[PDB]
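**Q** If you scroll down you'll find the structure; I have some questions about it.
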Amino acid sequence: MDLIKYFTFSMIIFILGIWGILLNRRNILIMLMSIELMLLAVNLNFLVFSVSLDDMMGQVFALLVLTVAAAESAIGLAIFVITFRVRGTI
Amino acid sequence: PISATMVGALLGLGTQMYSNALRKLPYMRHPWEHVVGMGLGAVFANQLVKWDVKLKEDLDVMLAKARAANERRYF
Amino acid sequence: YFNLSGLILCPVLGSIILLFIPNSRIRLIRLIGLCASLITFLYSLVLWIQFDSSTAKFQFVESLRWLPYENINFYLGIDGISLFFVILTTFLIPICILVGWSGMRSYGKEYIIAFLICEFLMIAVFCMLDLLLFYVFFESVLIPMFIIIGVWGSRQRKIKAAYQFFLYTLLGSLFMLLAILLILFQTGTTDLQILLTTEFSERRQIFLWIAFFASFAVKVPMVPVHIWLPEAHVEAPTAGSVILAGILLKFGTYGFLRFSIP
Amino acid sequence: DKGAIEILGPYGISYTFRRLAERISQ
Amino acid sequence: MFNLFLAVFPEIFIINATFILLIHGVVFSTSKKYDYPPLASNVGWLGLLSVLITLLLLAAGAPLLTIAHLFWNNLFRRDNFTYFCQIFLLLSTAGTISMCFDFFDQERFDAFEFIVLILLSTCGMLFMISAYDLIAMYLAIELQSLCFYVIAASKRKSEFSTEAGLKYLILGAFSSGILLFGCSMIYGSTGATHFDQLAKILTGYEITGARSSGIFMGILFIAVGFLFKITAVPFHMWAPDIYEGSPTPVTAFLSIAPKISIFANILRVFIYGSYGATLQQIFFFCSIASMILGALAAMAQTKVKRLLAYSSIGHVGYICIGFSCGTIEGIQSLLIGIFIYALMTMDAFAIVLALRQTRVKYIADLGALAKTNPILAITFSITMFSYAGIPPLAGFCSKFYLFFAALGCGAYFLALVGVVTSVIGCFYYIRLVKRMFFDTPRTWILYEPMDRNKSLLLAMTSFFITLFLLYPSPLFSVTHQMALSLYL
Amino acid sequence: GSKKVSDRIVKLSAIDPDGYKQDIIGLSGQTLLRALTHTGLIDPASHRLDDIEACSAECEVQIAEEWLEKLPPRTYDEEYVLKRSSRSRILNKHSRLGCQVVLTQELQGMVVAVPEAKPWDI
Ligand SMILES: CCCCCCCCCCC(CCCCCCCCCC)(CO[C@H]1O[C@@H](CO)[C@H](O[C@@H]2O[C@@H](CO)[C@H](O)[C@@H](O)[C@@H]2O)[C@@H](O)[C@@H]1O)CO[C@H]1O[C@@H](CO)[C@H](O[C@@H]2O[C@@H](CO)[C@H](O)[C@@H](O)[C@@H]2O)[C@@H](O)[C@H]1O
Ligand SMILES: CCCCCCCCCCCCCCCCCCCC(=O)O[C@H](COC(=O)CCCCCCCCCCCCCC)COP(=O)(O)OCCN
Ligand SMILES: [Fe+3]
């Protein structure tokens, strides 16, 4: 049993990301790193399923979701930077 | 009777004068665009009727296909 | 040839003409509104003359497609029951215009325009032979009367009376609309000539009758919902009270005569 | 009219929506 | 080989036009000869022209949308539903661009990248409607989400705009993560991502033998993500705050465009994802809760934009009534409601933007509007009554036919909730009409007259709203044609 | 004699947030927010209407403890508006609403402290 472990690890990563978004409502940076943790967990799901089913439709999707995750990081950090400037606090 | 050309022309003149009223201007501020609006309204009404006829024909064809597909369930 | 189309289009033209007339020309607005009302009244009187009184079939029938499959359509017709209601609702409007003749300089064009829209919407109510569109014109009268009660009210109480009237009318309206929808789904159409020849099951008759009674009893106050009529009557202009007492109280009785009882 | 019909009517006690709509901030 | 691209000229044109506009703006905004011209209106007009030209390309080429369908099969699927949805989306985008012209001049919004980002979001939604795969749908959703995150915080110096953008980005990223986890769980259970394959693999085993935990969980997660996207409660975490803090021209676009495409995706998911009527229950509860919460929350609003946001939530619930009843007459009611709601929302936001030049914030601000501008008050009252659903107006037809569809499937509980919510909505809509005409405030606020674009848009939409019942046949015909084409 | 404008002139001491005390002039019968608007302490474009429903405590003021007894008690609407915009859902126990304080000749010399400005554009 290895598919079970691979899915359980990513499920726990997803749960941790959701917890970080929920628990750390006061801090903005944690609310971005938790989203990135969730994206990492989903990408791991797609790659593991692609290897398990012997299909290339999960690897293409993981590569294409890396771009979305990076662009979300960029836009979120820009928005945070401009947000701190205006109100002077987080 | 009430043709699409006359109702379209009336709607175009009405919308032009409605736009003029909304901007606190006199109703017949620019007389030429009233004529332009009448022409555009007539064209739009005629095109709407012409499109409605074809749309109903296509809907009838699609519904005939759907009924034919459903009727085959009994075989 | 005088038909139901012209009788309904006359107030429409009257309201459209006044819509684009400068408010400074107070004399012209009053003259055109009064002339339109009088022409509509004469049209109704002529419609009386050519009315056959030996046939139960609807007369002067007119049709206009509403749904793409002709399921529901604008069916206009009059019978010996709704003819005098049409004549009365066209006769009362010129009187309402003449009531506010002296003070019309303050009300403006929106007064006569509101009354003409009221006439247009009430002529169609007594002439509709489609159950759904009878509801559409049945409850379209709220907006002109809401404006009449609120804008040209007497005291500050005009806001409360308008709210009460509008709320009661909505409560009746939607509970009747549910019954209309149930009839449409089961029967398949909303034509009166078809709904009068469809054998409704005994169980569904009580529910539909109660739902119809809910909307009609408000507009013909029986007992528990007669608390809006006095306030609306008192908090209304002199001509506004004539509409509420002369016509708007005849919707419930006509609704019972035309739909519920058959 | 002014009593039971009004209190159980639309504004004697049906105005609890003010005490109900304002609570939607929760 | 070049003729295989006849199916993507409407998208190729808009992409290339956006590139040309970006080059033009960046070259001439940072120029010394012209003294750094504020060419936001220029780029706006050229973008509106580009939208009209791609509308001409897309509408005229109707028989050519199925060309090379085998070659493009794995990428996207174009059909009659996609054709009309895309045409409506382009029309809404053009209307929003027309409304936002006055915003660039009076308030001096000189950033031309706003129009470029709007065009890119439009391209993303065009790719979204025709998307026939989980991958394509997710990518288009992310593209439009980023284009909206950037423009939500366009007002950098504003406290509300930055917070609104941050909340929007966090909520959208969380929803995208949930949706994407659902897609992963579906892919790992069926091995397929194409909608045809995912329909053939799920249409037979209708939970007849056992409930597949992975498939059920993936369907539920996709539904939850989509419900976040349309902001149906309890997934309306920060939607009113986002709508309030966002710029008004921005709020106009997010209230219309992101809903058409997302509803198209939800329909193209229902065509295959009808697994044991699981979504029908979820959408049933979501629609009831959305109507109730919108009705009970818009009565406690004193600002115009928060009331518009809660109206949008209530109308989303009213539309989801159609989702809860899966039938041709349910999907048709849903599409008619979407169309009418989009037109009413465009009308209302054009009215709001007309008064935004004088900084309108509260409902009491528009108190003496019936005296200063006695025709704008009439137009706004007409729009409010259309929101309420008064019979004579066009807003009644959508609610009427949605209630008919709800009663068709036999859901009597939905009809009662819809009726009560309609009563409450009508009350808080006529409350606004009371302020304009019946109140006599001591202090008046005088507004400056609007421009030609918004005046024409208001006139056309107001003539549509009042006179829709007279000739409603084309809308019903096209909607019935679209609903049938979802399957054949 | 005759009716003078000075017969309804209310002298007030308004302290802007940085601790400077300047004397403002108001009219007895008009809101204290109007009196503050004359000099420019409160931006007139933020509170154009002197009405309770068109307010988000953009006219909030801090009245002196000894100068609060000669004023009408806070109504339910005033408290509700004050609590929501506090950004902390707390009551200062000495903060009133400018649009709900009507000047009176018995308010001669009332000391009012204007807090810091808050965003109101959208
Ligand atoms: C908002 C205003 C409300 C006004 C409506 C009430 C006033 C009544 C006039 C409504 C009006 C204009 C629509 C106005 C559009 C609004 C403006 C939009 C914005 C503009 C700024 C349409 O009204 C008719 O149109 C018919 C459609 O053809 C429909 O009949 C149904 O059709 C079947 C379907 O297939 C159904 O199966 C079936 O059940 C019905 O038979 C009905 O809708 C109706 O009879 C008037 O009719 C006008 O269109 C046609 C007649 O047809 C006339 O020309 C035609 O051209 C060719 C056909 O292309 C024909 O070859 C040609 O022979 C013919 O001469 C015109 O000269 C004029 O008469
Ligand atoms: C539907 C119910 C029936 C309604 C009636 C329909 C009748 C048919 C239409 C009749 C229209 C009559 C209008 C008269 C013609 C006047 C046009 C002149 C406009 C013009 O000269 O261009 C400049 C502005 O452009 C403009 O003003 C262009 C404004 C276009 C706004 C909308 C653009 C298309 C959006 C897609 C449709 C809308 C959404 C639908 C889903 C004017 O410049 P200036 O001198 O005034 O000064 C700077 C202001 N900028
Ligand atoms: Fe205030």
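**Q** Once the Cβ-Cβ distance between F:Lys83 and F:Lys11 is put in as r, and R0 is 45 Å, what FRET efficiency do you end up with, to the nearest 0.05?
**A** 0.90
**Q** Across chain E, where is the longest run that never hits trypsin sites (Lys or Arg not before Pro) in a DSSP loop with at most 16 other C-beta atoms within 10 Å?
**A** Here the longest run is E:212-358.
**Q** Going 7 Å from the Cα of B:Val43 along its beta-carbon direction, which residues of the stretch B:1-36 have the amide nitrogen within less than 15 Å of the resulting point?
**A** What the label zone holds, given the 15 Å backbone N cut-off, is B:5, B:8-9, B:12-13, B:33-36.
**Q** From the alpha carbon gyration tensor of the stretch E:244-338, can you work out the equivalent ellipsoid semi-axes (sqrt of 5 times each eigenvalue) and give them in Å, largest to smallest?
**A** Over the Cα atoms of the stretch E:244-338, the ellipsoid semi-axes are 26, 16, 10 Å.
**Q** For the pair D:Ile13/F:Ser28, report the inter-label distance in nm, with labels modelled 7 Å from Cα in the Cβ direction.
**A** Label-label distance for D:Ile13 and F:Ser28, simple model: 4.9 nm.
**Q** What Kirkwood radius, in Å to one decimal, follows from the Cα pairs of the stretch C:167-262? Each step should come with its number before you reach the end.
**A** On the way: mean 1/r = 0.0685 Å⁻¹.
14.6 Å is the Kirkwood radius here.
**Q** Which whole-number percent is the relative contact order of the stretch A:2-87 (Cα, under 8 Å, 6+ apart)?
**A** Numbers: 62 pairs, mean separation 21.9, N = 86.
Over the stretch A:2-87, the number comes to 25 percent.
**Q** Quick one, could you list the DSSP H helices from chain C stretching 20 Å or more along their long axis (Cα atoms) with average Kyte-Doolittle hydropathy of -1.0 or above?
**A** Length and hydropathy pass: C:4-19, C:26-49, C:83-99, C:109-127, C:158-187, C:202-219.
**Q** Quick one: Cα convex hull volume of chain C, Å³ per residue?
**A** 130
**Q** Let me ask something additional. If you keep only loop residues by DSSP, which GluC sites (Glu not before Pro) in the stretch F:20-116 have at most 16 other Cβ atoms within 10 Å of their Cβ?
**A** Loop-located and lightly packed - F:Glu53, F:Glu65, F:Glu66, F:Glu69, F:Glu116.
**Q** Right, here's the next one. Would you mind listing how long the stretch A:2-87 runs along its three principal axes, going by Cα atoms, in whole Å with the largest first?
**A** Sorted largest first, the three principal extents are 51, 25, 10 Å.
**Q** Using a 4.7 Å cut-off between beta carbons, which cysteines in chain E end up with no partner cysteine at all?
**A** Unpaired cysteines in chain E: E:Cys85, E:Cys100, E:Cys123, E:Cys147, E:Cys183, E:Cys286, E:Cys320, E:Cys397, E:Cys426.
**Q** Whole percent per 10 Å bin, from 0 to the bin with the longest distance: what is P(r) over all C-alpha pairs of the stretch C:1-88?
**A** 15, 37, 28, 16, 4, 0
**Q** Counting each DSSP H run of 4 or more residues in chain A as -39500 (n - 2.57), what helix-only mean residue ellipticity at 222 nm follows after dividing by all residues, to the nearest 500 deg cm²/dmol?
**A** Computed ellipticity for chain A at 222 nm equals -30000 deg cm²/dmol.
**Q** In the stretch C:115-204, which trypsin sites (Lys or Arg not before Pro) fall in coil by DSSP and have 10 or fewer other Cβ atoms within 10 Å?
**A** C:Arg155
**Q** OK, next. Nearest 500 deg cm²/dmol is fine: what mean residue ellipticity at 222 nm does chain E get from its DSSP H runs of n ≥ 4 alone, each adding -39,500 (n - 2.57), divided by its residue count?
**A** Theoretical 222 nm ellipticity from helices: -23500 deg cm²/dmol.
**Q** At a threshold of 8 angstrom on Cα-Cα distance, excluding pairs fewer than six apart, so keeping six or more, what relative contact order does chain C reach in percent?
**A** Worked out over chain C, it gives 20 percent.
**Q** Averaging over all projection directions, find the projected area of the Cα convex hull of chain B and quote it in nm² with one decimal place. Don't jump to the answer; show the numbers that get you there.
**A** Values: hull surface 29.9 nm².
Over every viewing direction, the Cα hull of chain B projects on average to 7.5 nm².
**Q** For F:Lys93 and F:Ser2 in one chain, what is 0.36 nm times their gap in residues minus the Cα-Cα distance, to one decimal in nm?
**A** 28.6 nm
**Q** Net charge around F:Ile25, counting only other residues with Cβ within less than 15 Å of its Cβ (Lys, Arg = +1; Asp, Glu = -1)?
**A** Numbers: positive: F:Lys4, F:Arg8, F:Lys11, F:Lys21, F:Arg34; negative: F:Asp7, F:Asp23.
Net charge around F:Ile25: +3.
**Q** Moving on to the next point. Computed over the Cα atoms of the stretch E:38-105, what is the convex hull's projected area averaged over all directions, in nm²?
**A** 5.4
**Q** Please give the charge dipole size of the stretch E:158-278, origin at the Cα centre, charges +1 on K and R Cβ atoms and -1 on D and E Cβ atoms. Round to the nearest 20 debye.
**A** Here the size comes out at about 360 debye.
**Q** Given labels modelled 7 Å from the Cα in the Cβ direction, how far is it in nm from E:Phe413 to B:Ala64?
**A** So the two model labels end up 4.4 nm from each other.
**Q** At each listed q (0.04 Å⁻¹), what is the log10 of I(q)/I(0) that the Debye formula gives for the protein assembly as shown modelled as equal alpha-carbon point scatterers?
**A** Evaluating at q = 0.04 Å⁻¹ gives log10 I(q)/I(0) of -0.22.
**Q** Give, as a single signed number, the net charge of other residues whose beta carbon lies under 14 Å from the beta carbon of C:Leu131, with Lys and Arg counted +1 and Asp and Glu -1.
**A** Every neighbour counted, the sum reads -2.
**Q** Between C:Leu249 and E:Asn16, what is the label-point separation in nm under the 7 Å Cα-to-beta-carbon projection?
**A** Between E:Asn16 and C:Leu249, the simple spin-label model gives 7.4 nm.
**Q** Using just the helices of chain F, give the 222 nm mean residue ellipticity in deg cm²/dmol: DSSP H runs with n ≥ 4 each add -39,500 (n - 2.57), and the total is spread over all residues, rounded to 500.
**A** Here the helix-only value at 222 nm equals -4000 deg cm²/dmol.
**Q** Something else: With unit charges on the beta carbon (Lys/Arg positive, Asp/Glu negative), name the residue among E:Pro63, E:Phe13, E:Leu90 whose Cα is farthest towards the positive pole of the charge dipole of the stretch E:1-107.
**A** It is E:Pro63, whose Cα lies furthest towards the positive end.
**Q** On alpha-carbon atoms, Rg over Rh for chain E using Kirkwood Rh?
**A** Numbers: Rg = 22.3 Å, Rh = 23.2 Å.
A ratio of 0.96.
**Q** Let me have the relative contact order for chain E, percent, based on Cα pairs under 8 Å that are six or more residues apart.
**A** In percent, rounded to a whole number, it is 14.
**Q** How many percent of all Cα-Cα pairs in the stretch C:208-262 sit more than 14 Å apart?
**A** Values: 819 of 1485 pairs.
Summing the P(r) of the stretch C:208-262 above 14 Å gives 55 percent of all pairs.
**Q** Among the DSSP beta bridges whose two residues both lie in chain F, what percent are antiparallel, rounded to the nearest 5?
**A** Counting DSSP beta bridges with both partners in chain F, the antiparallel share is about 75 percent.
**Q** Given a Förster distance of 60 Å, report the FRET efficiency between A:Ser52 and C:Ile194 from their Cβ-Cβ distance, rounded to the nearest 0.05.
**A** With a Förster radius of 60 Å, E is 0.45.
**Q** In addition: For the stretch C:126-191, what Kirkwood radius comes out of the mean inverse Cα-Cα distance, in Å?
**A** 13.4
**Q** Under the Kirkwood approximation applied to all pairs of distinct alpha-carbon atoms, what is the hydrodynamic radius of chain F in Å?
**A** 14.8
**Q** Can you list the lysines whose alpha carbon sits under 21 Å from that of E:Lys454, skipping same-chain ones fewer than 8 residues off?
**A** Partners within reach: B:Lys24, E:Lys305, E:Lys361, E:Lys371.
**Q** Give, as a single signed number, the net charge of other residues whose beta carbon lies under 12 Å from the beta carbon of F:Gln105, with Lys and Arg counted +1 and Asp and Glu -1.
**A** Details: positive: F:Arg8, F:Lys11, F:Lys70; negative: F:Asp7, F:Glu106.
Neighbourhood net charge equals +1.
**Q** Note down the Stokes-Einstein diffusion coefficient of the stretch E:13-146 in µm²/s, whole number, using a Kirkwood radius over alpha carbon pairs, 10 °C, and 1.306 mPa s.
**A** Value of D from the Cα-based Kirkwood radius: 99 µm²/s.
**Q** Next question, about the same structure. Using a Förster radius of 25 Å, what is the FRET efficiency between C:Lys57 and B:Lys50 based on their Cβ-Cβ separation? Nearest 0.05, please.
**A** Given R0 = 25 Å and the Cβ-Cβ separation, E is 0.10.
**Q** Right, something else. Looking at the stretch E:377-488, what % of the alpha carbon pairs are farther apart than 19 Å?
**A** Here the tail beyond 19 Å accounts for 61 percent of pairs.
**Q** What are the trypsin sites (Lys or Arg not before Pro) within the stretch B:3-36 that DSSP puts in a loop, where the Cβ has at most 15 other Cβ atoms within 10 Å?
**A** Here the sparse-neighbourhood loop sites are B:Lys24, B:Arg29.
Since every read-out is calculated from the coordinates, none of them should be taken as a lab result. Quick reminder, even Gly has a Cβ in these numbers, built from the backbone with ideal geometry, and neighbours come from all protein chains shown.
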